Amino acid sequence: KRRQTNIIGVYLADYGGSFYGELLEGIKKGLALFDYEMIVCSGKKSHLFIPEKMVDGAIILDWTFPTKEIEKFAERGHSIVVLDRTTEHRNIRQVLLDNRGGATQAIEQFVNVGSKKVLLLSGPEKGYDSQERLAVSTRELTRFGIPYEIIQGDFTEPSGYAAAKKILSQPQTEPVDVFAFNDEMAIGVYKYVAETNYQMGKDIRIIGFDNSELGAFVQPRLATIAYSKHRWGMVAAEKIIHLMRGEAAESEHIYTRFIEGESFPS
């Protein structure tokens, strides 16, 4: 009520730096049209100090930012767009990835190639994006009679590295088939395989998610699920303006496509 700073706080988790740059650019461009600016905050304790007397509204992409804290910030008059979870609270809207369509498109490729086992390298289990990706992956693998193992990660590259070390210790099937829930965990897998006799694409077949630009230039090209990161940010920016101006700001999804790569010969 008493303040309009024309600043949106953007709360990131700092795994997703493989898509953050182009997401942030889209947020920036969308906000500039309405003379708004953005500050970006990241860290485990970043939700403890929200400058609520200095920020008009928030765009949240951080699974460690607790939902109860989001609701409390919404009830004090601040508008919020979540990019990482679903909500029913007033003053909050959603701009989410189509995780169900993305995971279906990736897991379809393992089916179409006749996979004998699929290893599901997931992110945080309390995180919505991984939950949706898991619910659809496991359902389709069951449907087609394909066994799976779920390996816990945290969306960061170190967890993908540790996963690959855990995977390639135990005896696996002839090719090792991996669905990494993001490109960063997949790059972590590349890192460890570079320290082994294993050949990427041949001995270990991988599909990621996010379409990081590093994945496009790595050897061989990381097969992945792509979406427009610029538009994700643009739509989030327009949604936060419309929402705080009392207007119609319906929750939306960002749709995906599979991009083929020699890391998964299909």
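In case it trips you up, residue 1 is the first one in the sequence shown, and so on.
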For the C-alpha atoms alone, is the average B factor greater in 129 to 137 or in 190 to 198, going by the entry? 190 to 198
As the entry reports it, the stretch among 52 to 60 and 25 to 33 with higher mean C-alpha B factor is 52 to 60
Go through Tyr11, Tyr15, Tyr255, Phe258 one by one and give the residue whose Cα B-factor in the PDB entry is largest. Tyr15
By the CA temperature factor listed in this entry, which of these ranks top: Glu149, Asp84, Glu174, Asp177? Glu174
Determine, from the deposited record, the chain-internal third of the Cα B-factor for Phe155: lowest, middle or highest. middle
Of the three thirds of the chain ranked by Cα temperature factor, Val95 occupies the lowest
Temperature factor at the Cα of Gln219, chain-ranked in thirds, falls in the highest
Can you work out whether the C-alpha temperature factor of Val111 puts it in the lowest, middle or highest third of the chain? middle
Third of the chain, ranked by Cα B-factor, where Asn182 sits: lowest
